RNA sequence: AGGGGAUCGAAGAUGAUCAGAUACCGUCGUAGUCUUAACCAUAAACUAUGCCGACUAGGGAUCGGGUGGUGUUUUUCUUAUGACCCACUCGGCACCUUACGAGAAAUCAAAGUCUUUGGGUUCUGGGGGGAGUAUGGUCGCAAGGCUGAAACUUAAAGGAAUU
Ligand SMILES: [Mg+2]
Ligand SMILES: [Mg+2]
Ligand SMILES: [Mg+2]
Ligand SMILES: [Mg+2]
Ligand SMILES: [Mg+2]
Ligand SMILES: [Mg+2]
Ligand SMILES: [Zn+2]
Ligand SMILES: [Zn+2]
């Protein structure tokens, strides 16, 4: 039967949506059976920051972060990303803390 | 209300629907098409005489094991070569 | 009910709920008898004599039961003002 | 629940409980009638006339004030259109759609809508034929429809 | 790994329930008492029970514990209670609201009022 | 050995409740087994079937024994106990106990006109458990129990003489069928006849009368 | 389309009774519905009921006694022939005994007992047991 | 729930509920009797418009039609009914 | 066996049959 | 049927107001609640004080019906009322279940804590809900202190009240106790607040 | 049948990997992928839930409109508007709790109001295989589609849960 009410979700009053391609697999995937993670990483590493501060010019510098919405297609997201897998009672949860 | 017009002047649609539906029931289909007369070796009869062409021990289906002491029989009326099993403790000593 | 020439049969004559008139069943492991005391001036709560209700399981289960009880009270004069006809 | 979409609207004009005139709202009946006839003369179509009456003048519904309807009144004075108002509007719409289609060869949605319009027209035509407002065996469609409009 | 077992703990609890007096804090006396009152087919077990009882006694000096309050421990809580004379008059006379005032208007006779506002 | 837990048990032991009709009137819980035995000495108890029931392990399996037990008389009280224990006789005993706890009344009624004593049901009434719908239907005098074996036995236990049944769904799972039948029987005392428009008194319960003799000293 | 109106009336009533509402509002409400309700009343199944003269179609407010169990209207109005009546009652009613099959006849919307007494029957509308 | 003595509810409930879904349906739309800064005359004007509404003869324009209730022309006094 | 694959094989068979028929003609 | 002196006396009303029984209740709602005399701008509904008091009286009149004193059982799990419950029990007959309820206690006639009530009084149908549910099994009316935000499931008579916490719950308990004492008990007169203090109750040392 | 032919890419090459790989991975690469004329009518074309209609249980949200606010806020004085805000309210797309009903169950405010069986209507199914085959019609430029058997053949094939 239906493993989920929503299924791979979000296609509700939406006919047949547009396909986003994967990051890892580069498999095409619907923007709902999607699994999108926003990776706001520092443009540098934490051990690389100190060195930069030591050597670099300008008053401390603001330092930029990069912004990537990475679409881990369903399967690849079970090479430990979001996803994880859950219990039947654990799947009725729409929160990440 | 589900399917069938619970209508009142509805009846022809109901009757036709029933007719159409019936064919999916096997027995009725067999009766109507006349499968009995065109096929199934016997002429839709209970019993038929035939002629012992050749005695064949048919090797039985699974779990069970044995040889099943049947007869390839050519029927007289249609001329069809069936295999009729013979009951009990040999009795091919009777059949020949 | 009655066997022709009088003679009552059918035992265990069902309690009916006071709110819904729906029969209180035999294994109504949900229903209740509510007992409310007839009351008098200075101390006085008059033992032995109560105004009594039965509430059938089903209404209670539904949730709307308190209001029904209030209604019953307002009718038998055990309350005034509490519950109105129009909501 | 809507003749052509999956939509199930219930936006609708309501009506008051009183069939009697709304007391204080003055004027008369004759005046109202005169106004209606003037509007008819000016080329407005029933619904429009009613609208005009309601807002600017002291009118609720002509039925309440005069006694008879708008359309009935028009018929009495002999000023009513030959093809019923709604039907006429439908025909006009159809014509417009046809024109659009003539220009745009690939516009499938428009074609589909045109089909629906045509169907609606047919329904309306049938009912007019039944109540005898369009003279029988008169069909309203594509070639003659344009001619009919104006 | 010296976690006292279920059984010992249960026994200790029972002892505390039935004989909360005659459990004089220190081990030695308590052990002897345990040996006397409770019938243990062992010695080590008895000792363990005694130890646990002593621990419980120590705990019960520094408050009440769950599953350990039996009549004589109850009356040292129930009576050792009741503050009282501050009431719910204090901080001016009857602080109310607009809605509250309105409510009062319909029901009660004559009551003192200090009306606030309440807004977004 | 007797020894009562619960107020009702104590009351029964004192002998201030005469018959289970009164209990039924106030829909009283009968968690204690002995009460029914005390009040109904007429209990004819029948075993239906004891299907073995399995549970799988790393080695072998667990063969428990689900035994369906009916309980009854001829008066119109019926029990139904289902139990699943390892020991079969023990399981049966447990089932019996359960059935006794359960025991329920029946509005035995008239086929058509009163004449003499009710040995049918009031109303075409049904249950449904799992997916087995037992309907029962008030048969006329002498027309017997018209039922599948299990249901027939249940009816006999009840003290119904005449009943048509329309048992539908997979009645071959006996337990479910039995449950459905029991449910249907229970339902009898729910269908408001016009013989029931009449307003009742609402008695204060045995719990609220013989209050002092109840509860432990 | 609200094809049949009696059906609608009964359905809502039934629902109300099932929940334990003491009152129902019926939307369209005809002569026929009113007659049916009157019949029900006559044998005490329904309490008071109030037809609002909407300056439109109708509206019925009902008072429920809790004496209702199921009120059904049968789907086509089968023309019914005095012996057919017996069959219908056997099928539709919980006893050879009580409750009523509410058939419309030439003499008016009666129950079934009344019809039998009067010796006239016609089409069936509902029933009340 | 359970009992709601139906026919007579409070005016507030009626006001809240959709003006079609009530008991006896009445429109909850008024007739603004409007006065202009020009002449000393009042016009009976429906609360909704669908038309740009001029006066008895004057080209004053009383109300501009929005989706619902008509937004009156800047500074014009109006009664009710 | 996959249903799709089965269907494909059936189609192929049909095509072959058609070809044979054509040849015969 | 009516004492007529049993109108809400001004002092009592004042007490209630101080407790903010009526002038709590979060802006959310349960649909089965007409104990609400208007609503406040931002976050508050207001509970018809008089109605609440009358229902409390009714509740008392129900606790007055049961002849056995320690047969009526009070129950609170949430801390904002345990003490109050205990006080109530002390004052009346009443067995209390403060804290962890023991799920299946009115059923399970084998438990070390077997109470069989004929009436049960509850603080929170939001927390103690288990107890209420259990009551369904064995047929007990449930008198409860409803916040007008909580369910009415399995509740026969529910005093409308505030359950934010603090002085409201305790006050209500105290009032109920007082009323019960008035109706068959030691304290005989209509007037006088007596030694029965509202602050014997409430939430003390945290 | 023309154009346009970037990218990717059925076929093909072609490198590995493998006992083997005209499979998975790598690198090229026509057809195609765009598009204008036409056709073909199928998809897990799925919400695997026919469309209408009525009713029964709450709840916040969210989009679309619409009234009710001496509500906030923008200030260019009073402002008049917009954007919020609160209370509604129709219409929708869904969702969360309860089941007092269902259902075999999973679950469902509909899959409810069905043995207490009857609002109106279409269409489809009758154990599994054989078989969506064969034949015949047809509609296709073909690939194919719509319709669609039986002979045989077997006691299971299924579902939904549990250990
Ligand atoms: Mg949509
Ligand atoms: Mg290779
Ligand atoms: Mg290749
Ligand atoms: Mg298809
Ligand atoms: Mg499909
Ligand atoms: Mg088949
Ligand atoms: Zn991927
Ligand atoms: Zn003017």
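In this analysis, Cβ positions are derived from the backbone assuming ideal geometry, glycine residues included, and neighbour counts consider all displayed protein chains. Each answer follows from the model by the rule given with it, or from the source it names; none is laboratory data.
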For the stretch E:74-120, what are the residues that are in contact with a helix residue (DSSP H, G or I) (Cβ under 8 Å, 6 or more places away or on another chain), assigned to a strand (DSSP E or B) and more than 8 Å from chain J (Cβ to nearest Cβ)?
-> E:115
Can you tell me which residue within the stretch J:131-166, out of those that are within 16 Å of residue J:85 (Cβ to Cβ) and surrounded by fewer than 24 Cβ atoms within 10 Å (Cβ to Cβ), is farthest from the other protein chains (Cβ to nearest Cβ)?
-> J:165
Checked the stretch H:34-64 for anything at the interface with another protein chain (Cβ under 9 Å from one of its Cβ atoms) and part of a loop (DSSP other than H, G, I, E, B); matches are H:48, H:49, H:50, H:51, H:53, H:54, H:55, H:56, H:62
Those strands (runs of 3 or more DSSP E) lying entirely in chain B with at least 1 residues in contact with a strand residue (DSSP E or B) (Cβ under 7 Å, 6 or more places away or on another chain) and surrounded by fewer than 12 Cβ atoms within 10 Å (Cβ to Cβ) = B:50-56
Working only within the stretch J:21-44, note down all residues that are at the interface with chain E (Cβ under 9 Å from one of its Cβ atoms) and either under 20 Å from the mean Cα position of the chain (by Cα) or surrounded by 16 or more Cβ atoms within 10 Å (Cβ to Cβ) (or both).
-> J:22, J:23, J:37, J:40, J:44
Kindly indicate which of G:52, G:46, G:26 is farther than 19 Å from residue G:115 by Cβ, out of contact with any helix residue (DSSP H, G or I) (no Cβ under 7 Å at 6 or more places or on another chain), within 13 Å of another protein chain (Cβ to nearest Cβ) and away from ligand 7 (no atom under 16 Å from the Cβ).
-> G:52
Quick one: which residue in C:19, C:26 is buried (at least 21 other Cβ atoms within 10 Å of the Cβ) and away from chain G (no Cβ under 13 Å)?
-> C:26
Residue check for residue J:120: at the interface with chain C (Cβ under 9 Å from one of its Cβ atoms), closer than 24 Å to residue C:32 by Cβ, crowded, with 22+ Cβ neighbours inside 10 Å and in contact with a helix residue (DSSP H, G or I) (Cβ under 8 Å, 6 or more places away or on another chain) | no
Right, residue C:10: part of a loop (DSSP other than H, G, I, E, B), at positive phi and within 14 Å of chain G (Cβ to nearest Cβ) or not?
-> yes
Would you check which residues across the stretch F:38-71 are surrounded by 14 or more Cβ atoms within 10 Å (Cβ to Cβ) and outside any strand (DSSP E or B) and list them?
-> F:38, F:39, F:40, F:43
Could you tell me whether the stretch H:18-30 includes any residue that is within 11 Å of chain D (Cβ to nearest Cβ), in contact with a strand residue (DSSP E or B) (Cβ under 6 Å, 6 or more places away or on another chain) and within 16 Å of RNA strand K (Cβ to nearest atom)?
-> no
Enumerated strands (runs of 3 or more DSSP E) restricted to the stretch A:1-67, each holding at least 1 residues that are within 16 Å of RNA strand K (Cβ to nearest atom) and away from chain D (no Cβ under 14 Å) | A:19-21, A:28-30
Among the numbered criteria (1) more than 14 Å from chain C (Cβ to nearest Cβ); (2) out of contact with any helix residue (DSSP H, G or I) (no Cβ under 6 Å at 6 or more places or on another chain), which single criterion is violated by residue G:66?
-> (1)
Among the residues of the stretch A:68-87, which ones are assigned to a helix (DSSP H, G or I) and more than 16 Å from RNA strand K (Cβ to nearest atom)?
-> A:77, A:78
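The rows are residues; the columns are (1) surrounded by fewer than 21 Cβ atoms within 10 Å (Cβ to Cβ); (2) more than 16 Å from ligand 8 (Cβ to nearest atom); (3) outside the structural domain of residue G:89 (by CATH).
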| position | (1), (2), (3) |
| --- | --- |
| G:37 | no, yes, yes |
| G:51 | yes, yes, yes |
| G:55 | yes, yes, yes |
| G:77 | yes, yes, no |
Subset of the stretch E:27-49 that is in contact with a helix residue (DSSP H, G or I) (Cβ under 7 Å, 6 or more places away or on another chain) and assigned to a loop (DSSP other than H, G, I, E, B) - its residue that is surrounded by the most Cβ atoms within 10 Å (Cβ to Cβ) | E:38
Only one of F:193, F:173, F:177, F:165 is over 23 Å from residue F:108 (Cα atoms) and either within 7 Å of another protein chain (Cβ to nearest Cβ) or in contact with a strand residue (DSSP E or B) (Cβ under 8 Å, 6 or more places away or on another chain) (or both); which?
-> F:173
Mind counting the residues in the stretch F:116-144 that are away from every other protein chain (no Cβ under 14 Å) and surrounded by 19 or more Cβ atoms within 10 Å (Cβ to Cβ)?
-> 3
